[PDB]
Amino acid sequence: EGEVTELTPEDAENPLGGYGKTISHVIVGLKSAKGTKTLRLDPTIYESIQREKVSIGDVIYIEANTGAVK
Amino acid sequence: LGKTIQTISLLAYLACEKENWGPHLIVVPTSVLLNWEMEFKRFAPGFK
Amino acid sequence: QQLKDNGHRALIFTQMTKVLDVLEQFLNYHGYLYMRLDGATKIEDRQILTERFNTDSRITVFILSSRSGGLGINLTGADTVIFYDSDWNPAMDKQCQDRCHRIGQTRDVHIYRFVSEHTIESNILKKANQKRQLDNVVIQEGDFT
Amino acid sequence: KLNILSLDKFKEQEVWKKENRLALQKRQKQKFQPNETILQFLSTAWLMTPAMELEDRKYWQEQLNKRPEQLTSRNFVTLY
Amino acid sequence: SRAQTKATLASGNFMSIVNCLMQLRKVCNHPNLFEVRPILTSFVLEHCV
Amino acid sequence: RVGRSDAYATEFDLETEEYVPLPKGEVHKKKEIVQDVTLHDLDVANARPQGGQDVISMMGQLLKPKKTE
Amino acid sequence: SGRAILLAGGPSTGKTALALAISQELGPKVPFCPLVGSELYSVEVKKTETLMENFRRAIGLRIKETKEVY
Amino acid sequence: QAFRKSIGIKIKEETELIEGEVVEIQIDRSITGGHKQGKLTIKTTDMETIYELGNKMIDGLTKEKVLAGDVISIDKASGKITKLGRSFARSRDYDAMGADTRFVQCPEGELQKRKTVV
């Protein structure tokens, strides 16, 4: 649980090719009093982030096993 | 009982002794027709 | 169901095409592995499906139109025959039953006939049976009119 | 001889089965929308080796500096 | 039960009896052949009181 | 909805569709039935809504649920 | 209409048996409605309403209707 | 109401059930568009098969959030997807690290088998 800082998808090679742009993780950075970490997350988070419409500088709640975000 | 193989054998007897492979005719229901062709192949594949 | 439990391969012969379609619907509803050959099956399709039914034991039931099945399709791969209906032509019935029963048969042959209790079919079967018994006693030459 | 060969071929012919309905599939498959952008979600079992694990650990260490498993499941998202 | 059926039987027209038999067999084989099972629904009144 | 037409059976490999064959005969059919009713059935019919697939029918029949004099 | 009779006798004497025999003999076409008086003591509507409903429920109507099907 | 609570009716039905380990799942959905395309690969110990997914099947599988390291059953009639267990780990992403330790064995037999429900 953090305010949001970095938000950067990491490109990866496509197993099926097709010249498309693929991501294998979405990267999020989080700041907390006396704390900061950067996380690599299941790409499925993209859909959660879309639904939640997180922007940089928002404080967010994200569940370690569920992949849910608020 | 093998009517059809007996027909083959009769024709083949006409073939060996009588040499008469002349254009014989057989009229038959539609369904068995292909089975007849198969058995001609099986019992005596020399028949056109 | 019982026959499948025993692993038998059963034929059903019927005079009516519409009941053939009904059987299609029934067998699909239960999902039995079945094939159909009738007066409308394409000739090549007839050959290939009979070859499949002889070779491919997996097809539990093969549905044929009774008078077209009479025409001499070799069904010695099957072991069970069921007459869904009758036209009361004894020669046709024997032809159908003989279909399964030719050289190369290796399983004991079971035939079952469906009869509707106390209906017209019941009376017809009763009288036919009685007459047949009488004949068999009197005459054994195996000929009829 | 020729007809024995023909018989042998006829044995194989038993494989033949009508499949014209495949065309009814193929016509429908084209009805995906023409040249729109596509979002794909993929999830697939990926084989792993200790060398690949070491390479991944090195990549994670490099990412931090900038700041033997048999089967594993990978996810992917693509826009094209 | 249908009186016309009885009359037909009385006629003795071998064809007519054969047809009757065919209809009987159809009825026995599956009712859908003779009359599709009507899909039951409520009676509709023309207008409320 | 009686189901999906048989003509689209091969449209997919794996879907929750149930396929039904194309109905036989003409599109429009007309038959004469006989149905037995009672006076109470007519009274109930004329008193409260009893069927329908519209939300209006749902609201009309869930209102005033108990029997009336 | 409105005719009423009383089957008077001791217990285990054949009153319900006679009623069910009448129902069977008349046939399934006609409406025969057996009741106990305890059923009339409803809680939602008055006893009169239940009695009148049972009265008109015992009178049958047979109609002919044409069904239009698409 | 009390008396009628005391009479029980049992209706037996036969259902066709698909049961598998997921090899991979693919879902191509158009942005700002309602068309979605997908196909599923599902394996058993003795056979493997691919299936191309309809709209309702895609919607159900998306709702269930099926992932390739799942073992799952597909009901062709009802359409519900139940996640029976896990086949292997989640490639060690940096979340949900060790919540899938309870591995389950691959199913065995015909991929589409008939079962009875009472």
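Chains here go by letter, A, B, C, D, E, F, G and H, matching the order in which they are written, and residues are numbered from 1 within each.
Keep this in mind: a residue touches a chain if its C-beta (ideal position, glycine included) is under 8 Å from a C-beta of that chain, and two chains touch if they have at least 3 such contacts.
Undergrad: Suppose you hop from chain A to any chain it touches, then on again the same way; how many hops at least until you reach chain E?
TA: Shortest path length, in steps: 3.
Undergrad: What are the chains that chain B and chain F both touch?
TA: Touches both chain B and chain F: D.
Undergrad: Name the chain with the Cα centroid closest to the overall protein Cα centroid.
TA: Going by the distance between chain centres and the overall C-alpha centre, it is H.
Undergrad: Between D-H and A-D, flag the pair that has more C-beta pairs in contact.
TA: D-H
Undergrad: Find the chain most remote from chain H, comparing centres computed as mean CA coordinates.
TA: B
Undergrad: Taking the mean of the CA coordinates per chain, how far is chain D from chain G in Å?
TA: Comparing mean C-alpha positions, chain G is 71 Å from chain D.
Undergrad: How many angstrom between the C-alpha centroids of chain G and chain F?
TA: Those two chain centres are 30 Å apart.
Undergrad: Measuring centre to centre with CA averages, how many angstrom lie between chain B and chain G?
TA: Centre-to-centre distance between chain B and chain G: 80 Å.
Undergrad: With chain centres defined as C-alpha means, what is the inter-centre distance between chain G and chain H in Å?
TA: Centre-to-centre distance between chain G and chain H: 54 Å.
Undergrad: Where does chain E touch two or more other chains at once, residue-wise?
TA: 38, 43, in rising order.
Undergrad: Quick check: what residues of chain G touch more than one other chain, meaning two or more?
TA: As it turns out, chain G has residues touching two or more other chains at 63, 65, 67, 69.
Undergrad: Give me the residues of chain D that touch two or more other chains.
TA: 38, 40-42, 44, 74-75, 79
Undergrad: Write out the stretch or stretches of chain A touching chain D in their complex.
TA: 12, 14-16, 18-24, 38, 42-44, 46
Undergrad: Inside the complex, what are the residues of chain F that reach chain H?
TA: My answer: residues 11-18.
Undergrad: Using the touch rule from the top, collect the residues of chain A that touch chain H in their complex.
TA: Against chain H, chain A makes touches at 25, 39-42, 44, 64-65, 67.
Undergrad: For the complex, which residues does chain C have touching chain E?
TA: Those in contact with chain E are residues 14-16, 18-19, 22, 84-85, 116, 119-121.
Undergrad: Can you list the chain G residues touching chain F in their complex?
TA: These residues of chain G touch chain F: 29, 31, 42, 44-46, 48-49, 53, 56-70.
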